[PDB]
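Peer 1: First the structure, which I've put down as structure tokens, then a few questions once you've had a look.
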Amino acid sequence: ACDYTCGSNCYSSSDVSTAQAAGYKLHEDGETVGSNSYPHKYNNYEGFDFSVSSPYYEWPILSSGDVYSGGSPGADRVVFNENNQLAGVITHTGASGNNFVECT
Ligand SMILES: Nc1nc2c(ncn2[C@@H]2O[C@H](CO)[C@@H](OP(=O)(O)O)[C@H]2O)c(=O)[nH]1
Ligand SMILES: [Ca+2]
């Protein structure tokens, strides 16, 4: 069973922890990767009711299982905060335009 399901993409808790660790490391070092500069601030315009405090940062999680290093980030993202706490897993899949919906 999937711990998080983003459209057709299936992720386990370890998939998320691994992606999150990479994104947080970059955040701590003040570095970014890719043309859209990840990780970067996630404003939560969608208004998700996250259990942890802001600020939030978004970082791509790939269905291939690899850690994001550049190029297309796909539709999925892990959202973490300043204390490296997982806020949630979100996706562009099933959402209009560049909006997000939560992975179930
Ligand atoms: N939909 C949405 N986009 C956000 C939010 N906060 C920041 N963004 C940025 O606006 C764009 C929406 O897809 C993305 O930038 P990026 O394309 O540079 O990665 C995304 O990172 C938010 O809360 N909602
Ligand atoms: Ca996996």
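The letter at position 67 of the sequence shown is residue 67 when you use the entry's author numbering, and the numbering goes up by one with no holes.
Just so it is clear, CB atoms sit at the ideal spot from N, CA and C, and this is done for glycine as well.
#1: Please confirm whether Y56 and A87 have their CB atoms less than 7 Å apart.
#2: To the nearest angstrom, report how far apart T104 and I61 are at their CA atoms.
#3: Have a look at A95 and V78 and give me their C-alpha separation to the nearest angstrom.
#4: Ligand 1 and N81: does the residue's C-beta get closer than 6 Å to at least one heavy atom of that ligand?
#5: Relative to ligand 4, is the shortest distance from any of its heavy atoms to the C-beta of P55 smaller than 6 Å?
#6: Output the boundary residues of the beta strand (DSSP E) element that contains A87.
Peer 2: A quick look at the data gives this:
#1: Your numbering for residue 56 matches position 56 in the sequence shown. Your numbering for residue 87 matches position 87 in the sequence shown. Yes, Cβ-Cβ distance for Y56 and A87 is below 7 Å.
#2: For the purposes of this step, residue 104 is identified with residue 104 of the sequence shown, where counting begins at 1. For the purposes of this step, residue 61 is identified with residue 61 of the sequence shown, where counting begins at 1. One C-alpha to the other measures close to 15 Å.
#3: Here residue 95 corresponds to residue number 95 of the sequence shown, with the count starting at 1. Here residue 78 corresponds to residue number 78 of the sequence shown, with the count starting at 1. So the alpha carbons of these two residues sit roughly 16 Å apart.
#4: Counting from 1 along the sequence shown, the entry for residue 81 is found at position 81. Checking the Cβ of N81 against ligand 1 gives no.
#5: Absence of ligand 4 from the depicted structure is noted, with ligand 1 and ligand 2 being the only ligands included.
#6: Counted from its first residue, the sequence shown places residue 87 at position 87. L86 to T91 is the extent of the beta strand (DSSP E) around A87.
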